[PDB]
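Shown below, as structure tokens, is a lone chain in the form deposited without adenosine-5'-diphosphate (ADP); questions about how it binds or moves come after it.
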């Protein structure tokens, strides 16, 4: 019997994520937590005719939320908004994550912890260092959820191909494009590295290729702009987070994944092929990257570095630009907590 806990279940991402999870046939118990309104939402979702019992909990009941939880989804965090800077946004979400991840350490230390809160590049290290300090860190069980970059890469590959010549475009299926594209690096801007694995499609995009790459990298900013500062991508974040959790849940049930080269943002030095990945990205000491993972029983047991062993010269340049900015993001998270 698998129990999923959602911490931040009442926010803009949290609510549609809770709905998508209630629909999963791999979940048998769904516990919803937040500082307000989760009981109500959980009661609303308990009426859906799927086989999972769903309960929400009040601000004071994070212990009941997390008890016997195998998977913990953390979408909690303050959204992008006009009068908020990225640094204050970061510092507030840093406090939310540390507090929530500390609760996981006390109440469900063996849970697979899926961090959805942004910025992923800086907040995952806050979660790891928090678990290290308590003596509760298992590298295979802490994943920064970067799956929305893949989603967008799948969507835009088709959109740019539909633009360049509808012939190959109208042949694509957006639902199956992960066989053709993989995304690695971090989860913001130029840290994001879209790798089209199907090299015929690169050629066919021709000069649309750099437009594609830029569009995947800046997809977050596009939605903020389209909601005039007053929101970011909530429904698609919920969707990507549910898709990624479904892959983790499939693995509990000894099924194979659906996504080819499914990536998450993980702690390299604690996993198999991690040091190999550090070399391949050109920084023997970089602690995190989003790379293709192999899951056993919900947990990352190795990193598949295949993608890094066949980079184009242009991709190698995306990597080296990404690694430079990513290092600063990692260092920013880790010093905020360690100092």
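Throughout, rigid core stands for the largest set of C-alpha atoms superposing within 1.5 Å between the two forms. Residue numbers count along the first chain shown, from 1. Residues that one form lacks are left out of the comparison.
The same protein also exists as the form deposited with adenosine-5'-diphosphate (ADP) bound; that form is not shown, yet it is the one meant from here on.
When adenosine-5'-diphosphate (ADP) is considered in the entry with it bound, residue 96 lines it closely, a heavy atom lying within 4.5 Å.
Among heavy atoms of residue 326, none comes within 4.5 Å of adenosine-5'-diphosphate (ADP) in the entry with it bound. The closest non-hydrogen atom of residue 139 lies beyond 4.5 Å of adenosine-5'-diphosphate (ADP) in the entry with it bound.
In the entry with it bound, none of the heavy atoms of residue 333 sits within 4.5 Å of a heavy atom of adenosine-5'-diphosphate (ADP). Proximity to adenosine-5'-diphosphate (ADP) in the entry with it bound holds for all of 10, 35 and 79, with the criterion being a heavy atom within 4.5 Å.
Distance criterion of 4.5 Å from any heavy atom to adenosine-5'-diphosphate (ADP) in the entry with it bound singles out 100 from the list 71, 161, 181, 100. Of the residues given (259, 155, 197, 234), 234 alone sits with a heavy atom within 4.5 Å of adenosine-5'-diphosphate (ADP) in the entry with it bound. Only one listed stretch (296 to 304, 27 to 35, 309 to 317, 278 to 286) carries heavy atoms within 4.5 Å of adenosine-5'-diphosphate (ADP) in the entry with it bound, and that stretch is 27 to 35. In sequence order, the one region between this form and the one not shown where at least three consecutive C-alphas each move 2 angstroms or more after rigid core superposition is 80 to 84.
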